[PDB]
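Coming up is one lone chain in structure tokens, specifically the form deposited in one PDB entry.
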């Protein structure tokens, strides 16, 4: 009806049947080869897992259940006075494969509003943490401590049918999504608002709005940016470190809280969730070095120096993507729509033109075009979100949507423990020699 759990109950049998047939006909079909280099090279280009919620196409970028971000911008419900898609509807899409109605999204905002209360042990933990404990650590720790609240963990220990796993996983996932802005906002306030209270959840507000309210912002366009941000960082296929970590830990039947916290520890890594900060730090050094106002000619020579030094241009490139990132494009649209005379944004715009050509000549790049992280920092900074250490928390809150959507499906489809075979160098040499 508007009850997601019932709609999902109807979808699951159909998907189980489809997969069962496909495995019966094509289980033994070879879809790729594993080389020595793939084993040493982090499984690069290895088809490794099934992940239903999103598929990253190298040339066009991300599709959410086969929908592009432009399609999502147009189709997904917006807040009444807003233009930006609500992350609620994105989650509905990832879970159901269907664009929700307005009423479905309204129902979901209300659900998450009612599940958001933190247990007091987690409030205490958060309030006692020192200011020098990184916000991503605080998040992960708190989410792990939330596992006390887990339906799945409790029911599993009492012996529960395999077929009922997804239901408890759904319940925990909805609970975690609900609580995450409260957790995230407590961290922000404890670190940068002298430990002031996060205030009330409003049952008539969407998730992003309750979040920006608890963060202590009121600017309507910041809420709009947050809706966009939370929508587009939500999922990036299954092979990224945070999706894969959530997937792997979850495959051992760790509850959503544990699986998500482990994902956060992966997103905290420099090579996964820190690029936003790296970009902003690089832009700041840029201005410092050549000046806050620059012609396109100087700017072109700086890139070259960067590269000759053997240093990357942050925010350009991607592991699998090979064209401009649609997550970048849509932030650009927001900017030139809402802050086009922003000096930092202008630099971001400038680099868009210049950097691509360079990286080409250099050769080594595969993808000479920008990723999402090239553009997120200047938007956030524009609206007073200046605490760069905190940025990966926003990413984390976003990424819950995609990874938990998929976790529900992994349990509904009965995906088993992920357990590849490892080899040593010595072992792999003898293997090859016979």
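In this text, the rigid core denotes the largest set of C-alpha atoms whose superposition between the two forms falls within 1.5 Å. Numbering follows the first chain given and starts at 1.
Separately, the form deposited in another entry exists; it is not shown, and the next lines address it.
Colleague: Which one of 193, 311, 220, 114 is the only residue whose C-alpha moves by 2 Å or more between the shown form and the other one, after superposing on the core?
Modeller: The one that moves 2 Å or more is 311.
Colleague: With a threshold of 2 Å on the C-alpha, tell me if residue 127 counts as moved between the shown form and the other one once the core is superposed.
Modeller: Moves: no, less than 2 Å.
Colleague: After the core is overlaid between the shown form and the other one, has the C-alpha of residue 302 moved by 2 angstroms or more?
Modeller: Yes; that C-alpha moves by at least 2 Å between the shown form and the other one.
Colleague: Take the rigid core as the frame of reference and indicate whether the C-alpha of residue 270 shifts by 2 Å or more between the shown form and the other one.
Modeller: Superposed on the core, residue 270 moves its C-alpha less than 2 Å between the shown form and the other one.
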